[PDB]
Structure formats: C-alpha cells, structure tokens
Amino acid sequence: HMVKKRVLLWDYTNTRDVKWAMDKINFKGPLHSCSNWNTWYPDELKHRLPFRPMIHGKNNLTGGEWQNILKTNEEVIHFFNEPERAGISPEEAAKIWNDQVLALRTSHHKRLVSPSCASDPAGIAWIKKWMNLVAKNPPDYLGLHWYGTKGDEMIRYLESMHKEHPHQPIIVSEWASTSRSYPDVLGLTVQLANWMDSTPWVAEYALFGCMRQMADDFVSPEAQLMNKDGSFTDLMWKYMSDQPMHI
C-alpha cells in the first residue's frame, strides 16, 4: 500500500507570485498534508490535502491572525517556529500554551504540535524544558527541524529525540540536505524519505525548498524543489511522485 507521510511546505511567496504552481502538484502520490508557516489557508490548495495552520510567533496570538486559528475546520495546528531564535523562553511559551492554545484541544478538539526548534544544543535544550513545563498537558505531536549533509546523523537525531520524548509521535515540520553536491542531496533525501516511511512513530515529514528564491545563505541551491520560473525540480518530482524514493 502507498505510504503517505509527505508534507507539502508551501511558502507564502508561492501564494503571492505563482498560485498556478499548486495545480501542477501530484496528489495521487505520497503527499498527505500541507503547511505554509501561517494561520491563513492557501486557497489554491482547494482542500486537495489537509492543511496544518501554524501559530508562527507572538505576532499570531491576536487580531485576524488568531481569528484564522479559532475558525479553522482543519484538525492539526503547529505552535511556535524555532522560538529559541525569536527571544521566546520556554516559560513564556508554556504560559501562552496554558492561557490560550490548549483551549484549541479542550474546547475545539484540535490536535497540537509542539514548537519546532532547530537540531542544535540550544533547540534540543529549549524543547526539553518546554515539554517538562507542560507535561500535565503535553502536545499530540513533537515538532522537529533537521538540516545537515549526513543522513545517518538525521536518523540518529530522530531516534535520539524519540527516546527522550517517547509519549507522542514525531512530525519533522522542516528538513533538507544542506550539501552543495547534488548527488549528496538526492542521496540523503531518498535515504530519509524511505527510512521515515517505514518508521511508525514518524507521523509526517516536510522537505524544505519549494520556493523561487533561496530563503537564505544556509540552505543549498542544489536542494531547491522549485526553479526561478516556478516549475518543479526533479528532486520535487521524486519527493511527490515516488514511493519508495530512488536516486
């Protein structure tokens, strides 16, 4: 049976500039859901996959941003994106969770993803502290990011975080190879897709790079899932079409 755990990360620049690109997505392959780092829904999706709204940061707790979260028909909602790098302490995020976000479960019966921190000591320590602070009202999923060049190290990290936090499944809300060598990008992507596909405690995983411009200097141009014209790279085709993935 077709294993369907792959998330379509749909950056708002796609919605802003190249809506039409969504209609070129393959929906008959292992794509299973969609997120866009925002509270609001990408209309061009036309409900062809479940959407996970995100409470990205403190700017998304009030006004029309919070109204989008309160009114959504979608089942799963992400909390803060890399809060350890936006000056949000574990204690401050635990308070906002109890006072405001938890109601989305107790009252609106949504499932909640923990904040997704970076795979560095600062991030590992942040999520360790926050999960302890809200242990009496834990999240439904543990949200993880991972960027690097060695697939064996991402596997060891997921296995490591699953042992440290064994009470819920893991969502990899962002991951990618940062290698500038395309064979090493393709090799890691294929390895981790197939490994996570056959690992029950990984609910879903979200490959980064489906946008026209480079996000920053950190991510690899060889790992891009969209060309500058808005067409899809061969890596994107394989991601959304092939199960198992192959090089």
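A residue's number is simply how far along the shown sequence it sits, counting from 1.
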| property | result |
| --- | --- |
| Residue range whose averaged C-alpha B-factor is higher in the record, 90-98 or 168-176 | 90-98 |
| Stretch with the higher entry mean CA B-factor, where the candidates are 78-86 and 154-162 | 154-162 |
| Options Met214, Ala206, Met54, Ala203 - largest CA temperature factor per the record | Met214 |
| Record-listed C-alpha B factor of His109: chain third | middle |
| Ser116 CA temperature factor, ranked by third within the chain | lowest |
| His47, C-alpha B-factor rank within chain (lowest, middle or highest third) | middle |
| Third of the chain, ranked by Cα B-factor, where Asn59 sits | highest |
| Cα B factor band for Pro221 (lowest, middle or highest third within the chain) | middle |
